[PDB]
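Residue numbers start from 1 in every chain, and the chains themselves are labelled A, B, ... in the order their sequence lines are given, proteins ahead of strands. These numbers come from the heavy atoms of this one structure, side chains and all, not from hydrogens, waters or symmetry mates.
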There are 2 protein chains.
Amino acid sequence: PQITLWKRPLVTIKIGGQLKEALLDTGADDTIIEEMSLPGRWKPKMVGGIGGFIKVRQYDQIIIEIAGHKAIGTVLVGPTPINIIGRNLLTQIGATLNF
Amino acid sequence: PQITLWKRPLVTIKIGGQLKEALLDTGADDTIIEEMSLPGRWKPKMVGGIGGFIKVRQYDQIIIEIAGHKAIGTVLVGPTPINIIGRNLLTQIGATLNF
Ligand SMILES: CC(C)CN(C[C@@H](O)[C@H](Cc1ccccc1)NC(=O)O[C@H]1CO[C@H]2OCC[C@H]21)S(=O)(=O)c1ccc(N)cc1
Ligand SMILES: [Cl-]
Ligand SMILES: [Cl-]
Ligand code: NA
């Protein structure tokens, strides 16, 4: 796909057996999803942005289908106002910025 | 250019005659720069990010060069942790997301 940026670049993802919508975010180092359960081990992390930091759970080796493209990587889970696909998984689907 | 996402997509910007670095951020509606002086009047705006909201100064019709492309548009100034180029100016320089 080529995605213009006139509106937010929202896509459908599948994670943990659940379909969700998420923002493709080149400004995010990491992927962060709103509170949900995921299997396996986790460790606590703080992640910071505009407005300050939030505490999240870091799960490693989680598979996510992103607009029909599979990726595996770390997923943070916590009180983010929107689900965000960050660079750690955007690389894996071959996403690039073009101008 | 075609910019991969293995590293942060940082580019040089020029605003008020000064070179700065900024992040190309598809997850940002709005361009926001760290504190600096800009001409004209400003308007109030609240910006909500991962960690809560911040107050910023909204300047309209500001001339800004981004990675060698000319844009003229709205720039917010406030305590962002990093200079960010959001979709309002990414559209002006013709940027798309591709995968
Ligand atoms: C601020 C950037 C350096 C980092 N952010 C990614 C960014 O794209 C967020 C992503 C985002 C989007 C919506 C709400 C919260 C965060 N956008 C954002 O805060 O933009 C604000 C300015 O324009 C506005 O439009 C969106 C909210 C405003 S972040 O959400 O804090 C974040 C930080 C670290 C990770 N790993 C993942 C995400
Ligand atoms: Cl990862
Ligand atoms: Cl104010
Ligand atoms: Na795991």
Side-chain angles (χ1 to χ4, degrees), chain A residues 1-11 22-32 47-51 80-82 84-91 95-99, chain B residues 1-40 42-51 53-99:
Chain A
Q2 174 167 96
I3 302 170
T4 58
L5 294 174
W6 294 118
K7 60 189 204 247
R8 291 179 172 190
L10 287 185
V11 300
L23 179 68
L24 304 180
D25 193 351
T26 59
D29 299 336
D30 327 304
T31 294
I32 183 170
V47 299
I50 285 178
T80 175
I82 185 153
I84 290 153
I85 300 308
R87 294 190 297 102
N88 71 311
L89 299 178
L90 297 168
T91 57
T96 59
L97 276 162
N98 293 81
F99 56 103
Chain B
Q2 174 154 292
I3 302 180
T4 61
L5 295 169
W6 302 99
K7 66 191 206 168
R8 288 191 172 176
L10 297 168
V11 298
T12 296
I13 64 166
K14 193 163 67 165
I15 186 168
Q18 319 195 338
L19 303 180
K20 302 181 184 260
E21 289 304 301
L23 181 65
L24 303 175
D25 190 351
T26 58
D29 298 344
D30 311 325
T31 294
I32 177 146
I33 300 310
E34 299 177 323
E35 257 95 356
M36 75 175 289
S37 307
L38 290 177
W42 56 277
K43 300 173 314 95
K45 193 183 166 68
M46 288 310 296
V47 172
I50 190 77
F53 284 86
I54 63 170
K55 278 169 167 204
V56 306
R57 310 198 292 288
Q58 177 175 326
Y59 294 85
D60 295 335
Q61 221 171 318
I62 298 300
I63 300 170
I64 177 169
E65 197 93 351
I66 300 160
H69 298 247
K70 247 276 172 103
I72 310 179
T74 297
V75 176
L76 308 179
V77 178
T80 173
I82 189 157
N83 299 326
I84 290 148
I85 306 307
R87 295 188 295 98
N88 75 305
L89 299 182
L90 293 171
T91 53
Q92 289 201 18
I93 71 173
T96 58
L97 270 170
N98 296 259
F99 58 87

What residues form a side-chain hydrogen bond (donor to acceptor under 3.5 Å, both in side chains) with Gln61(B), not counting sequence neighbours?
none
Rounded to the nearest 0.5 Å, how far apart are CG of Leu23(B) and CG of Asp25(B)?
5.0 Å
Applying side-chain hydrogen bond (donor to acceptor under 3.5 Å, both in side chains), name anything that partners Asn83(B), two or more places apart in sequence or on another chain.
none
With a sphere of 6.0 Å drawn around CZ of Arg8(B), does it hold more than 12 non-hydrogen atoms of other residues, nucleotides or ligands?
no
Output for pair (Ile50(A) CD1, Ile32(B) CD1), nearest 0.5 Å, gives 4.5 Å
Mind jotting down which residue pairs meet the ring-ring contact (aromatic ring centres under 6.0 Å, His included) criterion with at least one end in residues 8-31 of chain B? Sequence neighbours excluded, please.
none
Residues 75-86 of chain B vs salt bridge (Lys or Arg N to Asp or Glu O under 4.0 Å), sequence neighbours excluded, gives none
Using a 3.5 Å cut-off and no angle test, enumerate the donor-acceptor pairs between side-chain atoms of residues 9-20 of chain B and protein atoms at least two apart in sequence or in another chain.
{"from": "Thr12(B)", "atom 1": "OG1", "to": "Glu21(B)", "atom 2": "OE2", "distance (Å)": "3.0"}

Spacing of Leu38(B) atom CG and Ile63(B) atom CD1 [to the nearest 0.5 Å]
11.0 Å
Let me confirm one number: the NZ-OH distance from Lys45(B) to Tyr59(B), rounded to the nearest 0.5 Å.
15.5 Å
With sequence neighbours left out, the residues meeting side-chain hydrogen bond (donor to acceptor under 3.5 Å, both in side chains) with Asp30(B) are none
Pairwise side-chain contact, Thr4(A) with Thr91(B), heavy-atom cut-off 4.5 Å (strictly under):
no
Taken to the nearest 0.5 Å, the spacing of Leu5(A) CG from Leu24(B) CG works out to 10.5 Å
Only counting residues at least two apart or in another chain, list the ones meeting ring-ring contact (aromatic ring centres under 6.0 Å, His included) with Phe99(B).
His69(A)
Can you give me every donor-acceptor pair (side chain of residues 70-82 of chain B, partner residue at least two apart or in another chain, under 3.5 Å) with its distance?
{"from": "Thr74(B)", "atom 1": "OG1", "to": "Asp60(B)", "atom 2": "OD1", "distance (Å)": "3.1"}
{"from": "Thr80(B)", "atom 1": "OG1", "to": "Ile82(B)", "atom 2": "N", "distance (Å)": "3.4"}
{"from": "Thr80(B)", "atom 1": "OG1", "to": "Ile82(B)", "atom 2": "O", "distance (Å)": "2.7"}

side-chain hydrogen bond (donor to acceptor under 3.5 Å, both in side chains) involving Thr96(A) - partner list, sequence neighbours excluded
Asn98(A)
Test: salt bridge (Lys or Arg N to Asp or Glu O under 4.0 Å). Region: residues 78-99 of chain B. Which pairs qualify, not counting sequence neighbours?
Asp29(B)-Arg87(B)
Point-to-point distance, once rounded to the nearest 0.5 Å, from CD1 of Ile93(B) to CG of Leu97(A)
8.5 Å
